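Two forms of a single protein chain come next, each set out by itself as structure tokens; they are called structure 1 and structure 2.
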Structure 1
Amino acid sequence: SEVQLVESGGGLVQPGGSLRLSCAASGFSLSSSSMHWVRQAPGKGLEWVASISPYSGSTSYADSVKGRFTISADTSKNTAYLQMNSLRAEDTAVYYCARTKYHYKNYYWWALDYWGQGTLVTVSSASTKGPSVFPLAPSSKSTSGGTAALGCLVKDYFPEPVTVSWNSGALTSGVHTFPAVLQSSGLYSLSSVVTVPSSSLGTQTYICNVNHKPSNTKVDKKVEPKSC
């Protein structure tokens, strides 16, 4: 009796392109449910996209996807689908599948009582590009309370994600790797910083290790203080 919803099909597509999402259900019958797609743009709220009742075939859609998106269901597979055509950048989001249980004794559908893990959809005309990595160097001017700050600017990559470590994982305390920002160019950028004792700067080596799997890039940048 364990309800499960397993989404798949997300990925990266160009504006104008298409993707088909799948939601494989177990633990209940699709014909005893209303199935939904709800999306969440990065850092934003929840937006309903489409619903279907597999028992009747009835469907409904958010105005902004009508004509572009089709929700469907295959009860022989207990799977619901979202066919997404004419995709655009503003459709970039995590797409959740969700279920409302049917209750024959009730008189209308109630809330979204179970949600799957989500599948990420990114729509962008940007081309895959590894980051340019630049030092954020500590200066003698910049020592506060015996502590120095340094870091790496990880600029102009696509798509997400990058990971950053320091000294191959040996340095974890005081590290802050900021969320990426989508620049107007369509490329992403972020910084990773760490605070360290200022007296250490002459006798410690600080290296940021930047990984961008989509471009198969691993870059190590030594960050050292500048003199006068």
Structure 2
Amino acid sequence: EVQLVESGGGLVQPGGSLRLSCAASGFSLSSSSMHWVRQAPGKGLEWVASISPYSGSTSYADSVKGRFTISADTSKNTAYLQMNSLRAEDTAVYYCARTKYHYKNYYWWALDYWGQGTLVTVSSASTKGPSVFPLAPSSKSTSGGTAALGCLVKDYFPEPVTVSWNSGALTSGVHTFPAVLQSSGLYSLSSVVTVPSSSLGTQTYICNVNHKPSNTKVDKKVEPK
């Protein structure tokens, strides 16, 4: 019941705007304070803004004051983060979090539930969807070993990317690697699955790649020559 759903992230050029929203369930906003906290890639956690919808009171980090404006519409039971005049140094994952209200208190306590977050990257490059290739077994090993297959997702921007297998039906033995930035200023990542050497000749394994920024979706069968 109790959940938070960030939306509104994505790519933006420097100087532009973005309006993230967090849609809450299972509790009334008027009995909490909502917060946006970002995580610069590699850095730790930086609180950004807060709001108590019961009162309408807001507070901002000195690093966004006058560029950002937090708010809430209690009828939609959601909260918003307007981001104006954005800079590169604003690129981060942006979580919204809840602090449950308590009448016995005299200031607010810790952040007791966090949404999964959304990625906001502020850059001058433009979104182009990736390419996807099969990485299929070589059929080297006999009865001693099991075989490995995979997909390669090359030459895309911006982050993030999501990969699945059999629409989520195959998970045991699966590693999706972190993308590494290539010489072209493009990202490239791989996802692999381990399977018994015997299951290749019968089972069909399909990989589901999704790059939501460019509206890109690909399914590729991975079997041998």
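We call the rigid core the largest set of C-alpha positions that still match within 1.5 Å between the two forms. Shifts are known only where both forms have a C-alpha. Numbering for residues begins at 1 and runs along the sequence of structure 1.
K.L.:
Per best superposition fit, same rigid part for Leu112 and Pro138 between the two structures?
P.N.:
They occupy separate rigid parts, so that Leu112 and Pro138 shift as distinct bodies between the two structures.
K.L.:
Calculate, from C-alpha superpositions, the turn of the smaller rigid part against the larger part between the two structures, rounded to whole degrees.
P.N.:
Comparing the two forms, the minor rigid body swings through 43 degrees.
K.L.:
Where the core is superposed, what shift in Å does the CA of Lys105 undergo between the two structures?
P.N.:
That residue's C-alpha is offset by 1.8 Å.
K.L.:
Taking the rigid core as the frame of reference, how far in Å is the Cα of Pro161 displaced between the two structures?
P.N.:
Shift of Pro161 at C-alpha, rigid core superposed: 5.4 Å.
K.L.:
So if we fit the rigid core, how much does the CA of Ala126 shift between the two structures, in Å?
P.N.:
Its C-alpha shift, to one decimal, is 2.5 Å.
K.L.:
What stretches, three or more residues long, have all their C-alphas moved by 2 Å or more between the two structures when the rigid core is held in place?
P.N.:
Only this run moves by 2 Å or more: 126-226.
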